[PDB]
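Asks: Numbering (the authors' numbering), first residue to last: 56 to 230. Each residue gets a CB set at the ideal place from its N, CA and C atoms; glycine is no exception.
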Ligand SMILES: CC(=O)O[C@H](C)C[N+](C)(C)C
């Protein structure tokens, strides 16, 4: 195993990452970058809702990681966290339990501008993992979504946890 437990390394200056979303309302998510856990139950920084790590796209430094309660939290807290990002900031997102109840149109639009295809349709108890970036042009290649649906839900009441891994190119110091 290589960085973050991937089966292959990420060469050419790329950042290795792995995200696992939550399982129902009992197993928290985790976000790994370059073999370091940005968010996990061991770091004790995850919670129900959206678990978001903001990362410098040049250095890979963690700027901040926070969980946002999407059931009872004020969505303006989430919005203040994700709106004023510098160009190239990477945005790692893992849902836990319910990512959607407090999401509003402004939040869906901002995630879309960060590269999300699934934010526009996110609904109660969906599973979602996503890596976006401030200034991305096309949609992100790192996004998975599972709808909360009784026919397919792994759990009584919730969809399965998602696992996503990959290699992210570094931004240059140019500019
Ligand atoms: C700038 C741009 O392009 O962005 C980056 C590459 C990141 N992701 C995550 C989206 C992949």
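1. Residues bridged to residue 200 by DSSP?
2. Helix, strand or coil: which one does DSSP assign to residue 56?
3. Could you please give me the residues that DSSP links to residue 218 through a beta bridge?
4. What did DSSP end up calling residue 61 once you bin it into helix, strand or coil?
5. Indicate the three-state DSSP secondary structure (helix, strand or coil) for residue 137 in the structure shown.
6. Which of helix, strand or coil does DSSP assign to residue 163?
7. So, is residue 172 buried or exposed, given that buried needs 16 or more other C-beta atoms within 10 angstroms?
8. When DSSP labels each residue in this structure, what does residue 193 get in the three-state scheme?
9. Any heavy atom of ligand 1 closer than 7 Å to the Cβ of residue 229?
10. Could you give the C-beta distance for residue 57 and residue 64, rounded to a whole number, given that I count them as a contact under 8 Å?
11. Under the DSSP definition of a beta bridge, which residues are partnered with residue 121?
12. Quick one: using the 10 Å Cβ neighbour count with 16 as the cut-off for buried, is residue 187 buried or exposed?
13. In the structure shown, what three-state DSSP assignment does residue 175 receive?
Replies: Walking through what the data contain:
1. 183
2. coil
3. 75
4. coil
5. When secondary structure is reduced to three states using DSSP, residue 137 falls in the helix class.
6. helix
7. exposed
8. Taken through DSSP and simplified to helix, strand or coil, residue 193 comes out as coil.
9. It does not: the Cβ of residue 229 is nowhere closer than 7 Å to a heavy atom of ligand 1.
10. 4 Å
11. 107
12. Per the 10 Å Cβ criterion, buried.
13. helix
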